[PDB]
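Participant: Following this line is final.cif, made up of mmCIF, C-alpha atoms and all ligand atoms:
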```
data_protein
#
loop_
_atom_site.group_PDB
_atom_site.id
_atom_site.type_symbol
_atom_site.label_atom_id
_atom_site.label_comp_id
_atom_site.auth_asym_id
_atom_site.auth_seq_id
_atom_site.Cartn_x
_atom_site.Cartn_y
_atom_site.Cartn_z
ATOM 1 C CA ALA H 694 25.357 1.030 11.081
ATOM 2 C CA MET H 695 22.043 0.136 12.851
ATOM 3 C CA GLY H 696 19.991 -2.433 10.886
ATOM 4 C CA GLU H 697 16.273 -3.169 10.832
ATOM 5 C CA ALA H 698 14.215 -5.579 12.928
ATOM 6 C CA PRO H 699 11.253 -7.654 11.593
ATOM 7 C CA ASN H 700 7.736 -6.282 11.806
ATOM 8 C CA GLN H 701 5.765 -9.227 13.136
ATOM 9 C CA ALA H 702 2.431 -7.356 13.468
ATOM 10 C CA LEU H 703 -0.585 -9.511 12.572
ATOM 11 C CA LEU H 704 -3.124 -8.290 10.025
ATOM 12 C CA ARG H 705 -6.538 -9.650 10.861
ATOM 13 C CA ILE H 706 -8.960 -10.406 8.021
ATOM 14 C CA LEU H 707 -12.619 -10.086 9.120
ATOM 15 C CA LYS H 708 -15.627 -11.858 7.604
ATOM 16 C CA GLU H 709 -18.384 -9.523 6.375
ATOM 17 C CA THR H 710 -21.088 -11.556 8.126
ATOM 18 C CA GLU H 711 -19.505 -10.763 11.523
ATOM 19 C CA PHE H 712 -20.274 -7.039 11.459
ATOM 20 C CA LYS H 713 -23.482 -5.024 11.269
ATOM 21 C CA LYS H 714 -23.610 -1.466 9.912
ATOM 22 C CA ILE H 715 -26.067 0.611 11.933
ATOM 23 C CA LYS H 716 -25.883 4.241 10.704
ATOM 24 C CA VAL H 717 -23.795 6.416 8.354
ATOM 25 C CA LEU H 718 -21.284 8.729 10.059
ATOM 26 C CA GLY H 719 -19.667 10.600 7.085
ATOM 27 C CA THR H 725 -18.527 6.342 3.496
ATOM 28 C CA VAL H 726 -17.873 5.610 7.221
ATOM 29 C CA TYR H 727 -20.438 3.668 9.232
ATOM 30 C CA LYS H 728 -20.990 3.174 12.907
ATOM 31 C CA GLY H 729 -21.606 -0.525 13.554
ATOM 32 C CA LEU H 730 -20.981 -3.602 15.729
ATOM 33 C CA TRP H 731 -18.452 -6.352 15.293
ATOM 34 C CA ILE H 732 -19.531 -9.719 16.674
ATOM 35 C CA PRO H 733 -16.819 -12.341 16.151
ATOM 36 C CA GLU H 734 -18.393 -15.875 15.932
ATOM 37 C CA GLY H 735 -18.595 -17.770 19.240
ATOM 38 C CA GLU H 736 -16.945 -15.081 21.400
ATOM 39 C CA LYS H 737 -20.005 -13.574 23.236
ATOM 40 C CA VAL H 738 -18.893 -9.977 22.549
ATOM 41 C CA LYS H 739 -20.191 -6.974 20.603
ATOM 42 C CA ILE H 740 -17.532 -4.373 19.774
ATOM 43 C CA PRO H 741 -18.499 -0.863 18.645
ATOM 44 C CA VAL H 742 -16.660 -0.163 15.389
ATOM 45 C CA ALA H 743 -16.259 2.405 12.631
ATOM 46 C CA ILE H 744 -16.440 0.665 9.233
ATOM 47 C CA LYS H 745 -14.886 2.629 6.409
ATOM 48 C CA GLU H 746 -16.023 1.173 3.073
ATOM 49 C CA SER H 752 -9.943 2.254 -8.348
ATOM 50 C CA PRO H 753 -6.621 0.375 -7.945
ATOM 51 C CA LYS H 754 -5.449 3.513 -6.031
ATOM 52 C CA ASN H 756 -7.236 0.200 -2.780
ATOM 53 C CA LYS H 757 -3.432 0.498 -2.468
ATOM 54 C CA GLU H 758 -3.741 3.568 -0.220
ATOM 55 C CA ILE H 759 -6.210 1.923 2.170
ATOM 56 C CA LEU H 760 -3.853 -1.104 2.407
ATOM 57 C CA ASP H 761 -0.841 1.137 3.082
ATOM 58 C CA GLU H 762 -2.991 2.705 5.795
ATOM 59 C CA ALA H 763 -3.963 -0.737 7.164
ATOM 60 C CA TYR H 764 -0.341 -1.771 7.248
ATOM 61 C CA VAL H 765 0.654 1.284 9.347
ATOM 62 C CA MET H 766 -2.330 0.951 11.747
ATOM 63 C CA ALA H 767 -1.642 -2.779 12.288
ATOM 64 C CA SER H 768 1.915 -1.869 13.186
ATOM 65 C CA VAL H 769 1.096 0.541 16.022
ATOM 66 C CA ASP H 770 -0.277 -0.137 19.478
ATOM 67 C CA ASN H 771 -0.591 2.707 21.960
ATOM 68 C CA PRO H 772 -3.458 4.126 24.029
ATOM 69 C CA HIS H 773 -3.178 7.457 22.155
ATOM 70 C CA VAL H 774 -3.112 6.084 18.642
ATOM 71 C CA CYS H 775 -6.189 4.709 16.903
ATOM 72 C CA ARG H 776 -6.859 0.975 17.106
ATOM 73 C CA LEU H 777 -7.308 -1.137 13.928
ATOM 74 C CA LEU H 778 -9.350 -4.284 14.409
ATOM 75 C CA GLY H 779 -8.865 -5.550 10.864
ATOM 76 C CA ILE H 780 -9.822 -5.362 7.192
ATOM 77 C CA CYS H 781 -12.577 -7.042 5.150
ATOM 78 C CA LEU H 782 -11.728 -7.949 1.497
ATOM 79 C CA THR H 783 -15.114 -7.567 -0.184
ATOM 80 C CA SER H 784 -15.569 -5.536 -3.408
ATOM 81 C CA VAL H 786 -12.503 -3.228 0.851
ATOM 82 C CA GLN H 787 -13.489 -2.229 4.416
ATOM 83 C CA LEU H 788 -11.274 -0.936 7.220
ATOM 84 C CA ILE H 789 -12.609 -1.738 10.709
ATOM 85 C CA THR H 790 -11.460 0.450 13.618
ATOM 86 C CA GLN H 791 -12.615 1.229 17.173
ATOM 87 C CA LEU H 792 -15.656 3.488 17.246
ATOM 88 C CA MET H 793 -14.732 6.911 18.683
ATOM 89 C CA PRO H 794 -18.202 8.094 19.657
ATOM 90 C CA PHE H 795 -17.508 11.839 19.942
ATOM 91 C CA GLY H 796 -15.884 12.172 16.487
ATOM 92 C CA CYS H 797 -13.019 14.453 15.573
ATOM 93 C CA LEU H 798 -11.546 16.814 18.069
ATOM 94 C CA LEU H 799 -11.756 19.890 15.804
ATOM 95 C CA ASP H 800 -15.548 19.545 15.513
ATOM 96 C CA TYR H 801 -15.719 18.670 19.208
ATOM 97 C CA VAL H 802 -14.028 21.882 20.368
ATOM 98 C CA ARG H 803 -16.132 24.011 17.995
ATOM 99 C CA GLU H 804 -19.367 22.419 19.198
ATOM 100 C CA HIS H 805 -18.602 22.478 22.937
ATOM 101 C CA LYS H 806 -16.575 25.678 22.950
ATOM 102 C CA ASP H 807 -18.503 27.192 25.882
ATOM 103 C CA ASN H 808 -17.951 24.067 28.048
ATOM 104 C CA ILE H 809 -14.286 23.437 27.570
ATOM 105 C CA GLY H 810 -11.957 24.291 30.411
ATOM 106 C CA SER H 811 -8.236 24.466 30.937
ATOM 107 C CA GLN H 812 -7.873 20.944 32.332
ATOM 108 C CA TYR H 813 -9.396 19.395 29.222
ATOM 109 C CA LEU H 814 -7.243 21.480 26.892
ATOM 110 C CA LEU H 815 -3.942 20.816 28.620
ATOM 111 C CA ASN H 816 -4.697 17.097 29.056
ATOM 112 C CA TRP H 817 -5.434 16.819 25.286
ATOM 113 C CA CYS H 818 -2.038 18.441 24.574
ATOM 114 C CA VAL H 819 -0.361 15.806 26.786
ATOM 115 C CA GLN H 820 -2.165 12.898 25.140
ATOM 116 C CA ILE H 821 -1.482 13.954 21.526
ATOM 117 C CA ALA H 822 2.214 14.397 22.490
ATOM 118 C CA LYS H 823 2.271 10.897 24.025
ATOM 119 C CA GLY H 824 0.796 9.413 20.876
ATOM 120 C CA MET H 825 3.273 11.323 18.695
ATOM 121 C CA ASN H 826 6.221 10.313 20.894
ATOM 122 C CA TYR H 827 5.150 6.713 20.490
ATOM 123 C CA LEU H 828 5.049 7.098 16.701
ATOM 124 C CA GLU H 829 8.566 8.653 16.801
ATOM 125 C CA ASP H 830 9.834 5.623 18.792
ATOM 126 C CA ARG H 831 8.379 3.439 15.972
ATOM 127 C CA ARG H 832 10.196 5.607 13.376
ATOM 128 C CA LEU H 833 6.885 6.740 11.842
ATOM 129 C CA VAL H 834 6.413 10.251 10.521
ATOM 130 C CA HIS H 835 2.723 11.021 10.411
ATOM 131 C CA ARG H 836 2.763 13.939 7.925
ATOM 132 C CA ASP H 837 -0.897 14.970 8.527
ATOM 133 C CA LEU H 838 -1.239 15.867 12.242
ATOM 134 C CA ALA H 839 -4.128 18.311 12.789
ATOM 135 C CA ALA H 840 -7.115 18.695 15.098
ATOM 136 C CA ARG H 841 -9.291 17.007 12.418
ATOM 137 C CA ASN H 842 -7.032 13.955 12.757
ATOM 138 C CA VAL H 843 -7.433 13.462 16.466
ATOM 139 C CA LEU H 844 -10.508 11.431 17.521
ATOM 140 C CA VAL H 845 -12.405 11.588 20.801
ATOM 141 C CA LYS H 846 -13.212 8.308 22.635
ATOM 142 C CA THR H 847 -14.344 10.223 25.719
ATOM 143 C CA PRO H 848 -13.681 13.858 26.702
ATOM 144 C CA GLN H 849 -10.811 12.523 28.832
ATOM 145 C CA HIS H 850 -9.319 10.211 26.165
ATOM 146 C CA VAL H 851 -8.199 11.158 22.643
ATOM 147 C CA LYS H 852 -6.245 9.235 19.955
ATOM 148 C CA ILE H 853 -4.414 10.170 16.770
ATOM 149 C CA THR H 854 -5.885 8.925 13.454
ATOM 150 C CA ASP H 855 -5.483 9.114 9.662
ATOM 151 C CA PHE H 856 -2.289 7.389 8.647
ATOM 152 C CA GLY H 857 -2.778 7.824 4.877
ATOM 153 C CA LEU H 858 0.299 10.077 4.484
ATOM 154 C CA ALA H 859 2.460 8.351 7.130
ATOM 155 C CA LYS H 860 5.924 6.881 6.357
ATOM 156 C CA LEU H 861 8.281 4.493 8.089
ATOM 157 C CA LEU H 862 11.874 5.794 8.348
ATOM 158 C CA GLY H 863 14.817 3.407 8.163
ATOM 159 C CA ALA H 864 16.877 3.050 11.324
ATOM 160 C CA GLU H 865 19.661 5.326 9.896
ATOM 161 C CA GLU H 866 17.337 7.744 8.005
ATOM 162 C CA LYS H 867 16.481 11.205 9.347
ATOM 163 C CA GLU H 868 14.246 12.347 6.436
ATOM 164 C CA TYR H 869 11.400 11.298 4.171
ATOM 165 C CA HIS H 870 11.606 13.080 0.762
ATOM 166 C CA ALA H 871 8.155 13.300 -0.861
ATOM 167 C CA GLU H 872 7.403 13.221 -4.665
ATOM 168 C CA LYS H 875 -1.666 17.131 -2.353
ATOM 169 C CA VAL H 876 -0.563 18.063 1.177
ATOM 170 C CA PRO H 877 -2.140 20.374 3.874
ATOM 171 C CA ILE H 878 0.103 23.515 3.574
ATOM 172 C CA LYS H 879 -1.098 25.403 6.636
ATOM 173 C CA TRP H 880 -0.023 22.570 9.016
ATOM 174 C CA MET H 881 3.312 21.895 7.309
ATOM 175 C CA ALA H 882 6.778 22.850 8.449
ATOM 176 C CA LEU H 883 8.582 25.359 6.209
ATOM 177 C CA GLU H 884 11.179 22.742 5.056
ATOM 178 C CA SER H 885 8.288 20.477 3.967
ATOM 179 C CA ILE H 886 6.677 23.261 1.901
ATOM 180 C CA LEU H 887 9.978 24.338 0.269
ATOM 181 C CA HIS H 888 11.787 21.004 -0.121
ATOM 182 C CA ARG H 889 9.296 18.165 0.531
ATOM 183 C CA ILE H 890 11.415 17.098 3.530
ATOM 184 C CA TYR H 891 9.525 15.414 6.378
ATOM 185 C CA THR H 892 10.886 14.374 9.776
ATOM 186 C CA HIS H 893 9.667 13.877 13.360
ATOM 187 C CA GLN H 894 10.609 17.559 13.775
ATOM 188 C CA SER H 895 8.297 18.534 10.947
ATOM 189 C CA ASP H 896 5.490 16.652 12.798
ATOM 190 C CA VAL H 897 6.358 18.897 15.833
ATOM 191 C CA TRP H 898 5.531 21.999 13.705
ATOM 192 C CA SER H 899 2.121 20.426 12.889
ATOM 193 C CA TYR H 900 1.657 19.676 16.605
ATOM 194 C CA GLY H 901 2.141 23.400 17.306
ATOM 195 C CA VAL H 902 -0.565 24.252 14.757
ATOM 196 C CA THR H 903 -2.831 21.576 16.269
ATOM 197 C CA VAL H 904 -2.419 23.126 19.755
ATOM 198 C CA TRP H 905 -3.256 26.558 18.262
ATOM 199 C CA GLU H 906 -6.538 25.111 16.802
ATOM 200 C CA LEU H 907 -7.457 23.780 20.276
ATOM 201 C CA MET H 908 -6.550 26.970 22.140
ATOM 202 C CA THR H 909 -8.671 29.091 19.752
ATOM 203 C CA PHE H 910 -11.640 26.666 20.098
ATOM 204 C CA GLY H 911 -11.292 25.558 16.522
ATOM 205 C CA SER H 912 -10.480 28.581 14.414
ATOM 206 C CA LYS H 913 -8.913 28.126 10.986
ATOM 207 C CA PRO H 914 -5.194 28.878 10.787
ATOM 208 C CA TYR H 915 -4.195 31.855 8.632
ATOM 209 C CA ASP H 916 -7.893 32.379 7.865
ATOM 210 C CA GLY H 917 -8.473 33.871 4.396
ATOM 211 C CA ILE H 918 -4.796 33.694 3.291
ATOM 212 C CA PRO H 919 -4.300 31.462 0.246
ATOM 213 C CA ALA H 920 -1.997 28.427 0.601
ATOM 214 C CA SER H 921 0.456 29.743 -2.019
ATOM 215 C CA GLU H 922 1.235 32.753 0.188
ATOM 216 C CA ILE H 923 2.097 30.740 3.292
ATOM 217 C CA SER H 924 5.792 29.954 2.724
ATOM 218 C CA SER H 925 6.677 33.582 1.989
ATOM 219 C CA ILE H 926 4.781 34.671 5.158
ATOM 220 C CA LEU H 927 6.837 32.160 7.185
ATOM 221 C CA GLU H 928 10.141 33.087 5.548
ATOM 222 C CA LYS H 929 9.572 36.719 6.628
ATOM 223 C CA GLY H 930 9.284 35.501 10.244
ATOM 224 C CA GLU H 931 5.554 35.762 10.867
ATOM 225 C CA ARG H 932 3.553 33.095 12.738
ATOM 226 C CA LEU H 933 0.101 32.324 14.079
ATOM 227 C CA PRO H 934 -0.988 34.842 16.745
ATOM 228 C CA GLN H 935 -1.182 34.288 20.520
ATOM 229 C CA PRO H 936 -4.674 32.903 21.376
ATOM 230 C CA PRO H 937 -6.567 35.104 23.879
ATOM 231 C CA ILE H 938 -6.693 32.434 26.592
ATOM 232 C CA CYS H 939 -2.953 31.583 26.369
ATOM 233 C CA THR H 940 -0.413 32.793 28.837
ATOM 234 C CA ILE H 941 3.034 33.596 27.416
ATOM 235 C CA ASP H 942 4.176 30.226 28.858
ATOM 236 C CA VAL H 943 1.834 28.315 26.505
ATOM 237 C CA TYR H 944 2.413 30.547 23.512
ATOM 238 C CA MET H 945 6.196 30.227 23.856
ATOM 239 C CA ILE H 946 5.824 26.446 23.386
ATOM 240 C CA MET H 947 3.807 26.937 20.174
ATOM 241 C CA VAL H 948 6.340 29.457 18.864
ATOM 242 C CA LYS H 949 9.235 27.089 19.558
ATOM 243 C CA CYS H 950 7.391 24.419 17.477
ATOM 244 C CA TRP H 951 7.634 26.921 14.535
ATOM 245 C CA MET H 952 11.351 27.662 14.539
ATOM 246 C CA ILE H 953 12.981 27.482 11.107
ATOM 247 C CA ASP H 954 15.778 25.379 12.497
ATOM 248 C CA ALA H 955 14.031 22.000 12.892
ATOM 249 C CA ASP H 956 16.482 20.734 15.528
ATOM 250 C CA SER H 957 15.688 23.826 17.641
ATOM 251 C CA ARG H 958 12.042 22.761 17.930
ATOM 252 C CA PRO H 959 10.897 20.868 21.047
ATOM 253 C CA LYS H 960 10.842 17.070 21.028
ATOM 254 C CA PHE H 961 7.563 15.237 21.642
ATOM 255 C CA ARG H 962 9.004 13.842 24.925
ATOM 256 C CA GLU H 963 9.718 17.425 26.064
ATOM 257 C CA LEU H 964 6.216 18.524 25.107
ATOM 258 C CA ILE H 965 4.753 15.734 27.236
ATOM 259 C CA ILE H 966 6.810 17.006 30.223
ATOM 260 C CA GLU H 967 5.988 20.684 29.741
ATOM 261 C CA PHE H 968 2.225 20.228 29.245
ATOM 262 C CA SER H 969 1.980 17.712 32.108
ATOM 263 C CA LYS H 970 3.508 20.313 34.481
ATOM 264 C CA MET H 971 0.989 22.912 33.288
ATOM 265 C CA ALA H 972 -1.879 20.473 33.720
ATOM 266 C CA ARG H 973 -1.058 20.354 37.406
ATOM 267 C CA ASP H 974 -2.014 24.072 37.793
ATOM 268 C CA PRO H 975 -4.196 24.680 34.769
ATOM 269 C CA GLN H 976 -5.564 28.152 35.591
ATOM 270 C CA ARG H 977 -1.988 29.468 35.936
ATOM 271 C CA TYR H 978 -1.518 28.686 32.209
ATOM 272 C CA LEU H 979 -4.907 29.249 30.514
ATOM 273 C CA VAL H 980 -7.226 32.091 31.517
ATOM 274 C CA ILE H 981 -10.697 31.006 30.388
ATOM 275 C CA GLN H 982 -14.145 32.527 31.014
ATOM 276 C CA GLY H 983 -16.256 30.272 33.209
ATOM 277 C CA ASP H 984 -13.436 27.684 33.675
ATOM 278 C CA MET H 1007 -25.839 -4.302 25.794
ATOM 279 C CA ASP H 1008 -24.640 -6.830 28.418
ATOM 280 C CA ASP H 1009 -22.137 -8.259 25.982
ATOM 281 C CA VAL H 1010 -20.830 -4.872 24.761
ATOM 282 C CA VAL H 1011 -17.065 -4.517 25.011
ATOM 283 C CA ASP H 1012 -15.033 -1.533 23.917
ATOM 284 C CA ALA H 1013 -12.128 -2.284 21.640
ATOM 285 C CA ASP H 1014 -9.671 -1.284 24.407
ATOM 286 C CA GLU H 1015 -10.885 -4.316 26.411
ATOM 287 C CA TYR H 1016 -10.804 -6.684 23.396
ATOM 288 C CA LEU H 1017 -7.234 -7.823 23.125
ATOM 289 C CA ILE H 1018 -6.143 -9.886 20.119
ATOM 290 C CA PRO H 1019 -2.921 -11.994 20.391
HETATM 291 NA NA NA H 1101 -9.321 30.980 35.616
#
```
Please express what this file holds, its structure, as structure tokens.
Facilitator:
Amino acid sequence: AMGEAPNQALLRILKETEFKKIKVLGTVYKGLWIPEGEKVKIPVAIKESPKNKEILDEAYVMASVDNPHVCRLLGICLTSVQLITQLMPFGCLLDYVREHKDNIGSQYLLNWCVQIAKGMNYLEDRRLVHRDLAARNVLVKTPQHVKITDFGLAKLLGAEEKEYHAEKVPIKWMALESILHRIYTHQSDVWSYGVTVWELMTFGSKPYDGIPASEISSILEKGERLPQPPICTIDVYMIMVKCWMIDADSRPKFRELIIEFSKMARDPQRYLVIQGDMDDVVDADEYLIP
């Protein structure tokens, strides 16, 4: 019998003249946003067919979330459409672990696990199922601060609604119930979290490398899972494995994963065994909008 409360988030519409594109990043540009008369320059990423409707669905979700471990939308620009978000200078975490694989220690790894779980727990409190959690969809602000991104598949659940039933989706990150029945829940995001942790702990290897996506569900039905990464103690691997239980309500909760990884991060070498272990510039996190 729980009802729904209003979503009073504010969608900010930016003027094209207020931002300057500097260089291409991927099209996504790195640039500066300079709102008129405010004496600030904010580093931004500027991401530039009627299916426009997907970028607006994405804008709607990003305007509705506010957490230090979820990506920050500054606004949209309605030219012939641009989505303006906080610049995350070190890019996506998958590429970051692959490129710095010889300089990544146990403290960094465990702290990233904590932060992603905090962001995901926040999304669960907002009743949002992300549906595309992966290392590619975590962005790096600094080595010590990461945030979840890419809300293009995300869905808001009603207050009395446990499942989203879908009508292209990344098979190797998906829970088995999502592959077989198009059912998505916060517990299916937990399966994807487990896969995401596996990508980090292997320094960015591809899951189920060389196995085609059509084979994956039958592999999982037979009881097989991703293998224990060389650096992982049984304590860390057991958490991943629990994320990949068939029974979705047997999987850990994001709030539990925060607790378990924060304990490990207090004694990181017990849990991972690793070889060799401008004046007016304001970051978006210090530019608060009513
Ligand atoms: Na060690």
Participant: Do you know which residues are within 12 Å of ligand NA 1101 (chain H) using only C-alpha atoms and all ligand atoms? Can you write them as an MDAnalysis selection string?
Facilitator: chainID H and resid 810:812 938:940 974:984
Participant: Decode the PyMOL selection byres (((chain H and resi 761) around 12) and not hetatm) for the given file into explicit residues and return them as a PyMOL selection string.
Facilitator: chain H and resi 704+754+756-760+762-768+780+788+855-861
Participant: Take the residues from that selection and put them in a file with C-alpha atoms, as a tab-separated table (two decimals), in the coordinates of the input.
Facilitator:
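This is the output file again-v3.tsv:
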```
chain	number	residue	atom	x	y	z
H	704	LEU	CA	-3.12	-8.29	10.02
H	754	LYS	CA	-5.45	3.51	-6.03
H	756	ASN	CA	-7.24	0.20	-2.78
H	757	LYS	CA	-3.43	0.50	-2.47
H	758	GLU	CA	-3.74	3.57	-0.22
H	759	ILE	CA	-6.21	1.92	2.17
H	760	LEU	CA	-3.85	-1.10	2.41
H	762	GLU	CA	-2.99	2.70	5.80
H	763	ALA	CA	-3.96	-0.74	7.16
H	764	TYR	CA	-0.34	-1.77	7.25
H	765	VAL	CA	0.65	1.28	9.35
H	766	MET	CA	-2.33	0.95	11.75
H	767	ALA	CA	-1.64	-2.78	12.29
H	768	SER	CA	1.92	-1.87	13.19
H	780	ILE	CA	-9.82	-5.36	7.19
H	788	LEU	CA	-11.27	-0.94	7.22
H	855	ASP	CA	-5.48	9.11	9.66
H	856	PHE	CA	-2.29	7.39	8.65
H	857	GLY	CA	-2.78	7.82	4.88
H	858	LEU	CA	0.30	10.08	4.48
H	859	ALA	CA	2.46	8.35	7.13
H	860	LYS	CA	5.92	6.88	6.36
H	861	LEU	CA	8.28	4.49	8.09
```
Participant: May I have the protein, DNA and RNA residues with any atom at most 6 Å from the point (-8.9, 11.7, 18.2), counting only C-alpha atoms, written as number ranges by chain?
Facilitator: H: 797-798, 843-845, 851-853
Participant: Check which residues satisfy the PyMOL selection byres (((chain H and resi 899-906) around 6) and not hetatm) in the file shown, then give them as a list in words.
Facilitator: residues 838, 839, 840, 880, 881, 896, 897, 898, 907, 908, 909, 911, 912, 947 and 950 of chain H
Participant: Write out as an mmCIF file with C-alpha atoms, in the coordinates of the input which residues come within 10 Å of residue 829 in chain H when counting all atoms listed in the file, dropping same-chain ones fewer than 3 positions away.
Facilitator:
```cif
data_model
loop_
_atom_site.group_PDB
_atom_site.id
_atom_site.type_symbol
_atom_site.label_atom_id
_atom_site.label_comp_id
_atom_site.auth_asym_id
_atom_site.auth_seq_id
_atom_site.Cartn_x
_atom_site.Cartn_y
_atom_site.Cartn_z
ATOM 1 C CA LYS H 823 2.271 10.897 24.025
ATOM 2 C CA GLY H 824 0.796 9.413 20.876
ATOM 3 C CA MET H 825 3.273 11.323 18.695
ATOM 4 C CA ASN H 826 6.221 10.313 20.894
ATOM 5 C CA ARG H 832 10.196 5.607 13.376
ATOM 6 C CA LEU H 833 6.885 6.740 11.842
ATOM 7 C CA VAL H 834 6.413 10.251 10.521
ATOM 8 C CA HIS H 835 2.723 11.021 10.411
ATOM 9 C CA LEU H 861 8.281 4.493 8.089
ATOM 10 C CA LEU H 862 11.874 5.794 8.348
ATOM 11 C CA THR H 892 10.886 14.374 9.776
ATOM 12 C CA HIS H 893 9.667 13.877 13.360
ATOM 13 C CA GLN H 894 10.609 17.559 13.775
ATOM 14 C CA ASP H 896 5.490 16.652 12.798
ATOM 15 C CA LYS H 960 10.842 17.070 21.028
ATOM 16 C CA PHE H 961 7.563 15.237 21.642
ATOM 17 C CA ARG H 962 9.004 13.842 24.925
#
```
Participant: Give as a list in words the set of residues within 9 Å of the point (5.3, 34.6, 17.1), where distances use the file's coordinates and only C-alpha atoms.
Facilitator: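 I get residues 930, 931, 932, 933, 934, 935, 944, 945, 947, 948, 949 and 951 of chain H for the residues within 9 Å of that point.
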Participant: Report, in Å with one decimal, the straight-line distance from CA of residue 710 in chain H to CA of residue 783 in chain H.
Facilitator: 11.0 Å
Participant: Residues within 7 Å of residue 713 in chain H, please, as a VMD selection string. Count all atoms listed in the file; anything in the same chain fewer than 3 positions from it doesn't count.
Facilitator: chain H and resid 729 to 731
Participant: Please save C-alpha atoms of the selected residues as a PDB file, in the coordinates of the input.
Facilitator:
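Below is the file out-v5.pdb, written as the result:
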```pdb
ATOM      1  CA  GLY H 729     -21.606  -0.525  13.554  1.00  0.00           C
ATOM      2  CA  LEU H 730     -20.981  -3.602  15.729  1.00  0.00           C
ATOM      3  CA  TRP H 731     -18.452  -6.352  15.293  1.00  0.00           C
TER       4      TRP H 731
END
```
Participant: Which of these residues is nearest to residue 784 in chain H, using all atoms listed in the file: H:842, H:973, H:854, H:753?
Facilitator: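 Once distances to residue 784 in chain H are computed over all atoms listed in the file, the minimum belongs to H:753.
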Participant: Quick check, in Å to one decimal: how far apart do CA of residue 738 in chain H and CA of residue 820 in chain H lie?
Facilitator: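 For CA of residue 738 in chain H relative to CA of residue 820 in chain H, the distance reads 28.5 Å.
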Participant: CA of residue 727 in chain H and CA of residue 1015 in chain H are how many Å apart?
Facilitator: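 Value for the CA of residue 727 in chain H-CA of residue 1015 in chain H distance: 21.2 Å.
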Participant: Could you tell me which residues the PyMOL selection byres (((chain H and resi 698) around 12) and not hetatm) grabs in this file, written as a ChimeraX atom specification?
Facilitator: /H:695-697,699-702,831-832,863-864
Participant: With distances taken over all atoms listed in the file, which of H:865, H:946, H:941, H:848 is nearest to residue 694 in chain H?
Facilitator: H:865
Participant: Between H:878, H:953, H:871, H:821, which is the closest to residue 965 in chain H once you count only C-alpha atoms?
Facilitator: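 Of all the options, H:821 lies closest to residue 965 in chain H.
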Participant: Nearest to residue 869 in chain H: which of H:708, H:836, H:714, H:841 is it, counting all atoms listed in the file?
Facilitator: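 So, comparing all the options, the nearest one is H:836.
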Participant: Using only C-alpha atoms, which of the listed residues (H:769, H:887, H:819, H:742) sits closest to residue 789 in chain H?
Facilitator: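 Checking each of H:769, H:887, H:819, H:742 against residue 789 in chain H, counting only C-alpha atoms, the winner is H:742.
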